[PDB]
Amino acid sequence: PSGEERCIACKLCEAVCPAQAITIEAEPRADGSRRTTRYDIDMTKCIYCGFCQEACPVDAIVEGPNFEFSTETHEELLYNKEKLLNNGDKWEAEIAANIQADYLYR
Amino acid sequence: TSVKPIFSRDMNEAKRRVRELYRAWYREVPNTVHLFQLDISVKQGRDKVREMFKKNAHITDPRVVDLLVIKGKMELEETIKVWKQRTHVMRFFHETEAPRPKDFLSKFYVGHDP
Amino acid sequence: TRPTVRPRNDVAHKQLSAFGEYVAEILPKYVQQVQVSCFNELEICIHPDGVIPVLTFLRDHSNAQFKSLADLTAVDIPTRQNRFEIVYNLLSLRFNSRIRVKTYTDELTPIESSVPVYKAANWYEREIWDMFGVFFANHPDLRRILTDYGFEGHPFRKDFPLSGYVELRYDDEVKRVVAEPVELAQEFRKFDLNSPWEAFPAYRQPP
Amino acid sequence: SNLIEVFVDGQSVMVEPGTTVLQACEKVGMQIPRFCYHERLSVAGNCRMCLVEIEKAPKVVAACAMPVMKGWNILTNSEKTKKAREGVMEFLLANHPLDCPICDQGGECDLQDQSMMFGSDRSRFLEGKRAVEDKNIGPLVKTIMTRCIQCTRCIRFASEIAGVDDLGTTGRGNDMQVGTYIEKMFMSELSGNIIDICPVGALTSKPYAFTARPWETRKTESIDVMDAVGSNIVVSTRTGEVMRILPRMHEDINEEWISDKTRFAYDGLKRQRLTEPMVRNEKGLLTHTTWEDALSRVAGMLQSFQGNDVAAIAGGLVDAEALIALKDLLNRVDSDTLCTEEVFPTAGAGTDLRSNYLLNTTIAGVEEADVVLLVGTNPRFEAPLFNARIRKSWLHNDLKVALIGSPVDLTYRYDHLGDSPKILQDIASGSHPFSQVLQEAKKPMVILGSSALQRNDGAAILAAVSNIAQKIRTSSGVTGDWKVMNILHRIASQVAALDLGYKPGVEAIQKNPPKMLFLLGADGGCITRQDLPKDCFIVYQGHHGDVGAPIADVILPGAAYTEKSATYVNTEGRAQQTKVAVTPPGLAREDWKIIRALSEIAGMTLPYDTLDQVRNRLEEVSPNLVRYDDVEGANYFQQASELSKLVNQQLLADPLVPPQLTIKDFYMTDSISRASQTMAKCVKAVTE
Amino acid sequence: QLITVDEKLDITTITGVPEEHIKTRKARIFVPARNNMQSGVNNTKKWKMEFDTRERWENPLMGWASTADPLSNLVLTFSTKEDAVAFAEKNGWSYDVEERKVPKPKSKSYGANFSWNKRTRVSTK
Amino acid sequence: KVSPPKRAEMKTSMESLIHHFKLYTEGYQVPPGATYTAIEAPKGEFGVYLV
Amino acid sequence: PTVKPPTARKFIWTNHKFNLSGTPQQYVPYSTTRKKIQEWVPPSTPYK
Amino acid sequence: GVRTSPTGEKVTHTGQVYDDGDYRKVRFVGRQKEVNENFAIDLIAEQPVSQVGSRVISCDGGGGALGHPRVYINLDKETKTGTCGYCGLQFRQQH
Amino acid sequence: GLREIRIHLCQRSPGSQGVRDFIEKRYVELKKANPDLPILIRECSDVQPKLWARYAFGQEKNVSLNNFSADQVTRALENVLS
Ligand code: SF4
Ligand code: SF4
Ligand code: SF4
Ligand code: SF4
Ligand code: FES
Ligand SMILES: [K+]
Ligand SMILES: [Zn+2]
C-alpha cells in the first residue's frame, strides 16, 4: 500500500519457472533495500502455469485477469521490469480484489 | 576382444558392403537431381557423395563400418522415396553458411574459439 | 492407520517373489537377476541373448501369459560399459499382473528384434534406434520415426546436448528452409540443485 | 596395530584411539548432522545437532566430542537418534527469523538443508521471536545477527586460525550475543573466511549481497594469483559474469581458506580494463584501432631491431604460456633480455638450480618443522595462507618461530632476534645464542622472504642465509631428506619465469637500454621512459590500464587470470593451471595467442598453434611445468652454496624493513587489487 | 558366433557430433569440490565430466547471455575415474583428469581445549 | 517435505518458510527406483516409466 | 464497482489505457541494467 | 525521480539510460521508452516512522496472510530506525 | 653462438645416474668457467635425461643422455660448448 515494491529479488519464481521464462538481476538499492535491477518475463517462453505466483512469498508476481494483449510484433512480448510494474499499477484494483476472493483457498 | 558382429565378420566383408552402397548412391544422383529439381549438376551431386564417403575412410572397425553403411542406406531410402524434401537434400551443401577460416590468424581476429 | 504413508501389500510382494524365482528356475541360461521393489514390481534381468526365449516364454507359458507388450524403451547410463539398458514392460490379462524384463547393450552390439514375439514392438524398436542408436537385428523396417529427415545423432543419449547442434530458419536468398549451427539468444541456465546432505540412508553406497 | 574395533549400525570399523563417534561414522560413509563442529576448529559441543544413540546406552552422546570406545555400536538412524535431531532442530528454528527470501544464505544454507533432511516439517512454536541488533565489523562482512544460531564457529576461527581474540559472546542465556561488545572492526587478512564457516546468513559478504543465488551459479575450479601461495579457488559465474570467489579445499596449500585479497579483489576485474588495441594517433594520443593495424606496427618495429635493442619485462600476473611465447619470440631476433620486475640475486648458481629459489620444505612441510627462522619477511601479508600454516604449527606443534627484521605482528608470539642483517653472520659464526637452537633442532626451517632480496645487497643476504642453512645440514643431527633453505615468494609469476630462464630484475635493461620494449603486464614502474632512449617503442600487453599502459606506443589487450587456462607455479615449485570462467572482454585475447599472432605477422612464426602445443613447448624448457599439482623436489643445495661463496659481498647497514608493515599496505599490491573498489574501501576503513 | 575386433573403441563417426565439437573441445574429468559455504559432502561422491567454457555475450535486445556453444551445459556423471576416461576415449574428446581430493583425517580432542601447558588451551567457550 | 505448506503458514512458521523455499527451488528428492505406472486414460492405457 | 468500489491506491493508474500495440506509444523492450565492465580511458595528454 | 538524460532519454528507477553514441536508442525512434514513473525508493521514504513502546516489534507488511513473512525487528540502537527487510517500513522506540 | 644449456634429468631413475654424478661432481667447475652461460638444470621425475642447447636466433638441438656415464655427459657438453 505504501508504494514500495513487494518483490525482494529472492528468485524463487525464477527457480520454479518450468519454462525458464524469468530472468532476474538484483543488488542493494541506493538505500539498503534488496531489490531487482532486472526482472524480465519472456511471454513467448511462458506457459502461463502460475507456478511463479505460487512460489512468490510476498505476492509480488501475479498472473492477472487480462487476456487481451496480443501484439503486432514478437519483441512486444518480452516484458522487462518497467512493463511489469506498469501492469501492476494498471491492474492492481482488479488484482487485489481477485486475490481477496481466493487467498483463503491458498 | 570377442564381440558380436552386426553384418560383417571382418573388414573385407565390410568394404564389400561399402562399395555396394557407393554404387547405389552413384546411380541415384541423376534421379535425385531430376525428381527434386535441383540447380546443381550431376557431377556436383556425385562429388558430394564422394566427399561423404572419404570423411570416414580411416575406419578400421567392421562394426562401425556396418553402422555407417546401415545409416547410409536409410539415408538413401529417404531420398529415393522422396520422404526427404529439397531442403533436406540441400543441407549437404551448406549454401547459406559463410566460410569459417582454418588458419590461426583469421581465427585470432574473429574471436576466442580455437 | 498412517494417513500420509503409502500402505504395503505384502501378499502381492510374496506372490511376485515366488514367480520371480519360478522364472529364474525355468530360464537359468539367461536370467541374471530378479528383484521385487518395495512398491511391488517384479523385474527380470537377463542376458541379451535371451530376449527371444525369455519374452516368448512369458507370452506363451500357461502360468505367464503376458500377451500384451505395454512398453519397450531404453535408458542411457554413460558410466556403464554397456551404456544402454533395454526395458520391456509386459502385462498379463489372465493373471492381472505386470512384469519388467531388462537387458543391456552398447553402441555397436545389436539386440535381436522382438517383433516375432510382439508386433507392438515394431515402432518401439524404431524409437529406440532413433533416440538412442541401438540397432535391432532382423527388424522388418528399421528407420527413424521421430527425428527430422536426415537428422544426425541420437538425442536421448545423455551426451547429446539439450538444444542439439543445428537449428532451422527460412532463407530468402535460397528460397528454402536451411539448417545452420545453433545459436541461442538466451543460453539455457544450468541449475545446481542437489543438496549436499544425504536424504535416504537406506540407499547409501559403501565408501 | 593399536586400532580398536567399533560398529556403525552394526558394521565393524577399525579406528585409532581418540577417534570421535563422528569420525567413526565418516569411515563408513555417513555424515552426522552438525552445526558447531568443524574439522579445522577446536571441538565445541554446544549445538547438540550431532547427538547420536550408542546401543544399550540410555543417554545420547555428542558424536563430535565423544571418543569412541571398543565395541560401541553407533545407531546413527535409530528412533532415539532421529528424535534427538528433531528436537534440536526445533529449538534452533524457534527464534530464527523468517528471512530465507531476503537472506543471502538461501539455497546453500546448512540450517535449511538439515531442517529438510533431519527436522520436522512444521512448527509448534506459538510465541514471539527474539530480535538482536546488528554489529559493524568492517566493510567486508555484513552481520544480520538475528540469524545467528550461537554456534561459535566465528569465535573459534577468529582465535585459532586468524590469531585474533576480538570476537566473543556477551550476556548469557537466550540473550547471549556473538560480537565484539565494543564498536570494533574485524579486519584480519583472513577475515573473509568467517563468511564461509558461518552455517547461517548471520555473516554474509557485503560485496556479494543480493546479487545471486547458489543454484544459478556455474562453478569454475581455478587458481588464485594474488600471491605466490597458489590458493585453490572456485570462481562463481552467472550468465557470463564473475559473481564471487570461494575457497577450494587443498590440504597441502590453503586447506580451505583464502585471504581477503583473493576473496574480494575480483571486482577489480570489472573496471579499468583494456578491451581494444590502441596506437598513438598523430597527436601522441592513444586511440582505438583494429588488431591487424596494432600488430602490424609492432611487427614492423620488431623486424627492424635485433640483439640488445629488444627487451621485455614480465609483470606479476603473467602466465607460463605467455612467458615462453614471448621468450621464443625475442629469441628469434637473438634477444636474450627477458626480465622480470622482481629481483633475484643472479650471483653463483642464480637460477641454474631450482633449489636456489624455491620453498623447498613445501607449505605442508611447516607442520613437520620444529624451529622456523624468518628473515626479512612479513609472511602475514606476503603469503597469508602460509602464515596461517605457521600459526597452525605454532599452535598444535609448539613450533618455535624466530624473526630477523621489523617486529611486525604475525598473530603468534615469536622471538624477535633483531632487524640487523649482521645478525645472520652472528648466527653462522655460533656467537648468537639462537645459533644453539638451530644445532639442537631436528628439523629446522630457514625462510628468506623474496622481499628482502629487493634490496641492493640481496646477493649478500642470500649468501648469508644460505650459509646458515649450510652449517645446519653439515652439522648433522638432521634427517637427510629434510630441506632447510627456503625462499618465500610473493609474485604469482616469479617461479615460472625463473624456471623458463628469465633474468630476475630489470638490471639488464638498465645496463643495455633497448630501442623496443615489451611490457608483458608490467605495472611496477621499475622501468620508465626516463630510463630509455627518447624514441623507445613500448608495447604494453595486459588486462588493466594502470602504470604500464599510459606510457606505451601500442596496447595489446590480454586476458585476466579468470579468462584463460594458463599455468602458474607457486612458491613451492608446484605447477597449477587456471580454467576459463568467462571469456576476455571486448576485443581482448589470450596472451600467448597475441604473441603467436604477432610472430606470424613479423615473419617469425612460433611452432605451436594450440594450448596443448604451447604446453608441449613448456615441457621442453622445464618438464616440471606440466606436472600439475606435483611438487618436484630440487636437490644440489651443496652446489649452490659452493658457488655462492666464490664472490664476496658486503651487506648494507639498512635494517630489514618489509614493504608491508601493517594491514593498510596489504589490500593493494597489484593492478587488479588497485582497481578494486572493495579493496579501496578496506584501505579507507583501516586508516580512518 | 563372435568375431575378434582388435581396435580401440571409437564411435566419433556414428555419434552425429560435428567435427568442431570433437577435436577442439577439452573435457575435464574431476570430482567436484565441496561447496565451502556448506559442510555437507554428498555432492563430492561422483565423478563429473564437463567441457571447456566458451564465449557468452549480451543479447542486443534484452541483454541476456547468448551462446553459440552446444556443449555449454553438458555435464556427465560417472561412478569412477576409469568410467569417465573410457567414455572420453571412445568419443574422441581430449581430456584432463584430476585426482580426487579426500579430506585428511584429523586428530580431534575436546580435552585439548583445557591444556595445562600447551597452546591449544582456549580462552573462551 | 512433499507438498508445499499453506501460504498463511509459510508467512508465520519458520519450518514452513524453509520447506516452501526448498520445495520451490530444489524440489523434493525422490528415493531411487523405477516404476511403470499406468491408468485407464480416455484413449486407453496411459503409462509412465519413471526412473 | 458502483456498489463495491475498488480500494484506492496512490500508484494505481487514474486513466486506463487500451492495447497500444502498433502505435507510437507501444512498448519497446530493453535491458534495464547498467554497463557491467568499465573500459580504461587513456590519458588526454601526450606523454611518450 | 524520473530524470531525463542530456539527450532527453528518461532515466529509469534502476539508473538505466543509453549514453550518447549508443546505437541501441534507435529502437525508441518513432515509438517510446517504457518507464514506470512511481519510484518505489521515493514512495517508501514518504512513510512516517512509527513510534512503538517496546524493544522489539513485528512486521508482516499489513493485511495478515496477504503481507509478507512476519519478522521481528530490534529497536535497541537509538542512532537509527529499525527497518523491515521485506517492506521497508520504519520503526522507532518511544523513549 | 651458443646461448643456453638446459639439462633435464630424473631425481631417482637409474637412467639419470650419470647425469646426477656430473652435476654433483663437475657442475661447479663448469659454471665457474662459463659464468655468463645459463646452465638450467631442471629435475623432474620419470623423465629421460636430455641435454638441450639453444643457439642464436632460436635454433635448438637436443642430445639424449639416457644411461650416460658421468664421463659421457662431460663429453656431450664439451661438444656443445665447442
Ligand atoms: S506462469 Fe509463466 S513465468 Fe510463471 S512460472 Fe509458469 S511459465 Fe514461468
Ligand atoms: S517476484 Fe516474488 S518470487 Fe520472484 S524474485 Fe520477487 S519476491 Fe522472489
Ligand atoms: S540462515 Fe538459512 S534458515 Fe536462516 S533465514 Fe537464512 S537461508 Fe533461511
Ligand atoms: S555468527 Fe555464524 S559462525 Fe558466528 S556464532 Fe553465529 S551462527 Fe555461528
Ligand atoms: S556438532 Fe556436535 S554439538 Fe555441535
Ligand atoms: K554463511
Ligand atoms: Zn514489513
Sort D:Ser304, E:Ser66, D:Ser191 so the one with the fewest other Cβ atoms within 10 Å of its own Cβ comes first. D:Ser304, E:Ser66, D:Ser191
Which of the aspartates and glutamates could a cross-linker span from I:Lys61 if the Cα-Cα distance has to be under 12 Å and same-chain partners fewer than 8 positions apart are dropped? D:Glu620, I:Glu4
Here the longest stretch of chain F that holds no trypsin sites (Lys or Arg not before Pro) in a DSSP loop having at most 16 other beta carbon atoms within 10 Å is F:7-42
Scan the range E:86-125 for chymotrypsin sites (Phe, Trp or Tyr not before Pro) in coil per DSSP, keeping those whose Cβ has at most 14 other Cβ atoms within 10 Å, and list them by number. E:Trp116
Of E:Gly111, E:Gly40, E:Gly63, which is the most mobile in a GNM of chain E whose springs link Cα atoms less than 10 angstrom apart? E:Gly111
Hey, what's the per residue convex hull volume over the C-alpha atoms of the range I:2-81, in cubic angstrom? 78
What is the local net charge at F:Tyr36, summed over the other residues whose Cβ is closer than 11 Å to its Cβ (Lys, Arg +1; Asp, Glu -1)? -2
Can you tell me the 0 to 90 degree angle between the C-alpha axis of helix D:611-621 and the longest principal axis of chain D, rounded to 10? 70
May I ask you to order D:211-224, C:180-193 by the average number of other C-beta atoms within 10 Å around their residues, highest value first? D:211-224, C:180-193
Summarise the partner chain shielding of I:50-59 as one whole number: the mean count of Cβ atoms from other chains within 10 Å of each residue's Cβ. 4
Taking only the alpha-carbon atoms of chain C, what semi-axes of the equivalent ellipsoid follow from 5 times the gyration tensor eigenvalues under a square root, in whole Å, largest first? 37, 26, 16
Counted neighbours (other Cβ, 10 Å), sorted fewest up, put A:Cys49, H:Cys59 in the order A:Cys49, H:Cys59
At what distance in angstrom do the alpha carbon centres of the range E:39-84 and the range B:1-28 lie from each other? 38
Number of partner chain Cβ atoms within 10 Å, mean per residue of A:86-97: 5
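Would you list H:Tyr18, A:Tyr39 from fewest to most Cβ contacts within 10 Å?
Ranked by crowding around the Cβ, least crowded first: H:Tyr18, A:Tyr39.
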In whole Hz, the Karplus estimates of ³J(HN,Hα) for the range H:41-50 (6.51, -1.76, 1.60; θ = phi - 60°; x where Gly or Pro) are 5, 6, 5, 5, 5, 8, 7, x, 5, 9
Between the Cα axis of helix E:81-91 and the main Cα principal axis of chain E, the angle (0 to 90°, nearest 10) is 20
Just to be sure I understand: if I project the alpha-carbon convex hull of the protein assembly as shown onto a plane and average over all orientations, what area do I get in nm²? 65.2
Rounded to whole Å, give me the distance from the Cα center of the range D:132-170 to that of chain G. 42
Can you tell me the 0 to 90 degree angle between the C-alpha axis of helix C:51-60 and the longest principal axis of chain C, rounded to 10? 50
Paired Rg and Dmax values of chain B, which use every Cα atom, in angstrom: 17.7, 50
Report Rg(Cα)/(2.2 N^0.38 Å) for chain A, keeping two decimals. 1.07
To the nearest Å, what is the center-to-center distance of the range D:238-254 and the range D:559-616, using C-alpha atoms only? 21
For the range D:512-669, compute Rh as the Kirkwood radius over C-alpha pairs and then the Stokes-Einstein diffusion coefficient at 20 °C and 1.002 mPa s; write the answer in µm²/s, rounded to an integer. 110
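What number, in percent, do you get for the relative contact order of chain A if the mean sequence gap of Cα pairs under 8 Å and at least 6 apart is divided by its residue count? Don't skip to the end; give the middle numbers.
Values: 117 pairs, mean separation 25.4, N = 106.
Once normalised by length, the contact order is 24 percent.
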Normalised contact order of chain B, rounded percent, pairs of Cα under 8 Å and 6 or more residues apart: 32
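Using the structure shown, list the pairs from B:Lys55/B:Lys81; E:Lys46/I:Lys50; C:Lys190/F:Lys1; B:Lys71/C:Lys102; D:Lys400/E:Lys106; B:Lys55/E:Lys8 with a Cα-Cα distance above 31 Å, or answer none.
E:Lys46/I:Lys50
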Helix-derived mean residue ellipticity, 222 nm - over the protein assembly as shown, DSSP H n ≥ 4, -39500 (n - 2.57), to 500: -7500 deg cm²/dmol
More than 40 angstrom apart: percent of Cα pairs within chain D: 38
Among D:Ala202, B:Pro99, D:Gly603, which residue has its Cα furthest toward the positive end of the charge dipole of the protein assembly as shown, with +1 on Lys/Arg Cβ and -1 on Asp/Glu Cβ? D:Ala202
If you keep only loop residues by DSSP, which chymotrypsin sites (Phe, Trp or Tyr not before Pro) in chain F have at most 14 other Cβ atoms within 10 Å of their Cβ? F:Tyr28
Test of the criteria: in the range E:1-106, which GluC sites (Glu not before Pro) are in a DSSP loop and have at most 15 other Cβ atoms within 10 angstrom of their Cβ? E:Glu7, E:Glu19, E:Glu98, E:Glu99
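So what's the projected area for chain F, the Cα convex hull averaged over all directions, in nm²? Present the calculation step by step, with values, prior to reporting the outcome.
Values: hull surface 20.7 nm².
Averaged projected hull area, Cα only: 5.2 nm².
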Tell me the label-point distance for the pair A:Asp102, I:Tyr55, using the 7 Å Cα-to-Cβ offset, in nm and rounded to one decimal. 8.5
Percent of beta bridges antiparallel (DSSP, the range I:2-81, rounded to nearest 5): 70
Can you tell me the order of D:23-29, G:7-13, C:117-123 when each peptide is scored by its average per-residue count of other Cβ atoms within 10 angstrom, highest first? D:23-29, C:117-123, G:7-13
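Every number in this text was worked out from the coordinates using simple rules, so none of it is lab data. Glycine gets a Cβ as well: all are built from the backbone with ideal geometry, and neighbour counts include every protein chain shown.
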